[PDB]
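As structure tokens, the structure follows; a few thoughts come after it.
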Protein chains: 2
Amino acid sequence: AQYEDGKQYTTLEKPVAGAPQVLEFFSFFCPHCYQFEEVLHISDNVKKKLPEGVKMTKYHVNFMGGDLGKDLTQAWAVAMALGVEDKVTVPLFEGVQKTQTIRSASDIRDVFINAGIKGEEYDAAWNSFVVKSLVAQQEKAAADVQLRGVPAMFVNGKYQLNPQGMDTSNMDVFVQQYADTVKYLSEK
Amino acid sequence: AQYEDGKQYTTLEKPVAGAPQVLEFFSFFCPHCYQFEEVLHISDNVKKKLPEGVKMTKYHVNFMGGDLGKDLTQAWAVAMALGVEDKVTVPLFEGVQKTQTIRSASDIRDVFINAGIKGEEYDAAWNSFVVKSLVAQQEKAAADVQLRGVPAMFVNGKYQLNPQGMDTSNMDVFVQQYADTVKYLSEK
Ligand SMILES: Cc1nc(-c2ccc(C(F)(F)F)cc2)sc1C(=O)O
């Protein structure tokens, strides 16, 4: 791999200060986001190659979800607040897109309860100031990088991953090129 | 429901003569269209609510996806001509938006093959004047209603569905309101 601005990544005209080191955006409605997370395991594969100390951040957005989309963003805030992202990401993606068992906020709550989060705890977090702030943070971060679509990933508020210019003849190779690019950018 | 023009539906300025009773437009590149098919099953649920004998028509549009977009419109003509819409809708949607493995006309052809359509039969259809006419029909129909985006549904060439004005907190409530609006308009 030979890295060039415009090839594996692009450079934001307006860099974001104080941005997370590695910031990924997604939506539980987004088919290619399902592909990224549930099939390719982009987040996990990127994390595996990240330099020690560099943490990953993942935010939910709402391009095609209406009110339910907003519920999902707030629920993702709850997942972050409780630190249970690795417990609810799979049943949320599956429930929305595959089994079609997630149709409302109540169904989202049921997913957390089934994953081991007590209903009272979910509700406390849901109505918490921490989650209210996390919802605002997700929205602001999207605005800051002038987010146009998902999935997307940004490194140090400066660089935007560009998977269009990566090898896709093989999904295993794509994942490695993608993850290697994040590693490279994080080291810049 | 209190139906109001501008809320659940809009009224075309110049209604289309001889227009299909129920006419849907979509694109395989269209994210809400993907949702309308896989998660909400709008067409199925509208059909269920309408009387037996109301014709539903669904056309593909050109203005998403560049050259592959035109190819998909021709491919949808093939599907209509062969009567295999239900065999190819999901793998076309997922090939375009989920796995992104549909990149050329050849990839579209592969989907039809894998869905059981004999290759020689696809090719004969692809190059047929019956299909050429169906492509023209889809384009003319969109032009007749001055189509600006997808998804879109028109009733009796008079009214256009307005999902933006509907409740989006619960998927099944949205589908119910959508289908109920179509029935209301059909009886107007
Ligand atoms: C076509 C469309 N469709 C929308 C939608 C449909 C269903 C739902 C939910 F299922 F979540 F209820 C949300 C948004 S918004 C929308 C638009 O063009 O504004």
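For the structure tokens, the naming scheme is as follows: chains receive sequential letters (A, B, ...) according to their order of presentation, residues are indexed from 1 within each chain, and ligands are indexed from 1 in presentation order.
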Proximal residues of chain B relative to chain A (only C-alpha atoms; 12 Å) as an NGL selection string: :B and (29-41 or 93-103 or 163-175)
Long-range neighbours of residue 49 in chain A as an NGL selection string, 8 Å cut-off, only C-alpha atoms, 3 positions minimum in chain: :A and (45-46 or 179-180 or 183)
Long-range neighbours of residue 141 in chain B as a ChimeraX atom specification, 10 Å cut-off, only C-alpha atoms, 5 positions minimum in chain: /B:16,19-20,23,25,59,61,136,146-147,157
Just the selected residues (N, CA, C and O atoms), exported as an mmCIF file, in the first residue's frame, please.
```
data_model
loop_
_atom_site.group_PDB
_atom_site.id
_atom_site.type_symbol
_atom_site.label_atom_id
_atom_site.label_comp_id
_atom_site.auth_asym_id
_atom_site.auth_seq_id
_atom_site.Cartn_x
_atom_site.Cartn_y
_atom_site.Cartn_z
ATOM 1 N N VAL B 16 -52.903 12.985 -14.621
ATOM 2 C CA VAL B 16 -52.505 12.204 -15.788
ATOM 3 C C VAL B 16 -53.630 11.285 -16.254
ATOM 4 O O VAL B 16 -54.170 10.501 -15.469
ATOM 5 N N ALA B 19 -53.802 6.978 -16.351
ATOM 6 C CA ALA B 19 -52.755 6.603 -15.411
ATOM 7 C C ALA B 19 -53.136 5.342 -14.636
ATOM 8 O O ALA B 19 -54.318 5.084 -14.409
ATOM 9 N N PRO B 20 -52.131 4.542 -14.243
ATOM 10 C CA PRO B 20 -52.370 3.358 -13.410
ATOM 11 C C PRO B 20 -53.109 3.728 -12.129
ATOM 12 O O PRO B 20 -52.915 4.832 -11.626
ATOM 13 N N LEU B 23 -49.621 3.525 -8.626
ATOM 14 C CA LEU B 23 -48.347 3.549 -9.330
ATOM 15 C C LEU B 23 -47.218 3.932 -8.388
ATOM 16 O O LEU B 23 -47.207 5.035 -7.843
ATOM 17 N N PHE B 25 -43.027 4.391 -7.808
ATOM 18 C CA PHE B 25 -41.705 4.523 -8.409
ATOM 19 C C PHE B 25 -40.640 4.238 -7.370
ATOM 20 O O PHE B 25 -40.781 4.621 -6.209
ATOM 21 N N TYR B 59 -42.616 0.940 -11.082
ATOM 22 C CA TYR B 59 -41.611 1.270 -12.090
ATOM 23 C C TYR B 59 -40.296 1.726 -11.463
ATOM 24 O O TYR B 59 -40.287 2.337 -10.394
ATOM 25 N N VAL B 61 -36.703 4.001 -11.728
ATOM 26 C CA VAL B 61 -36.326 5.292 -12.297
ATOM 27 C C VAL B 61 -34.837 5.383 -12.602
ATOM 28 O O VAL B 61 -34.040 4.569 -12.136
ATOM 29 N N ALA B 136 -39.302 2.610 -22.081
ATOM 30 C CA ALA B 136 -39.947 3.851 -22.497
ATOM 31 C C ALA B 136 -41.173 4.150 -21.642
ATOM 32 O O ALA B 136 -41.405 5.297 -21.268
ATOM 33 N N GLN B 146 -44.222 14.384 -13.389
ATOM 34 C CA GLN B 146 -43.103 15.275 -13.070
ATOM 35 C C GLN B 146 -42.322 14.771 -11.862
ATOM 36 O O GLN B 146 -42.127 15.496 -10.884
ATOM 37 N N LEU B 147 -41.881 13.519 -11.943
ATOM 38 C CA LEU B 147 -41.249 12.845 -10.815
ATOM 39 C C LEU B 147 -39.891 13.431 -10.456
ATOM 40 O O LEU B 147 -39.012 13.558 -11.310
ATOM 41 N N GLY B 157 -53.396 8.828 -10.873
ATOM 42 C CA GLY B 157 -52.736 9.933 -11.549
ATOM 43 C C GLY B 157 -53.116 11.295 -11.004
ATOM 44 O O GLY B 157 -52.834 12.321 -11.625
#
```
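Nearest residue to ligand 1 among A:88, A:54, A:42, A:72 is A:72, counting only C-alpha atoms and all ligand atoms.
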Secondary structure check, alpha helix (DSSP H) residues of range 70-142 of chain A, as a PyMOL selection string: chain A and resi 70-82+85-97+105-114+119-126+129-142
Residue contacts of range 115-123 of chain A (10 Å, only C-alpha atoms) excluding same-chain residues fewer than 2 positions away, as a list in words: residues 75, 78, 79, 81, 82, 84, 87, 88, 91, 109, 110, 111, 112, 113, 125, 126, 127 and 128 of chain A
Strand (DSSP E) positions in chain B, given as JSON, numbers by chain: {"B": [9, 10, 11, 22, 23, 24, 25, 26, 56, 57, 58, 59, 60, 152, 153, 154, 155, 159, 160, 161]}
Counting only C-alpha atoms and all ligand atoms, the residue of B:8, B:158, B:142, B:50 that sits nearest ligand 1: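 Of all the options, B:8 lies closest to ligand 1.
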Gap from CA of residue 24 in chain B to CA of residue 26 in chain A - Å, one decimal: 28.7 Å
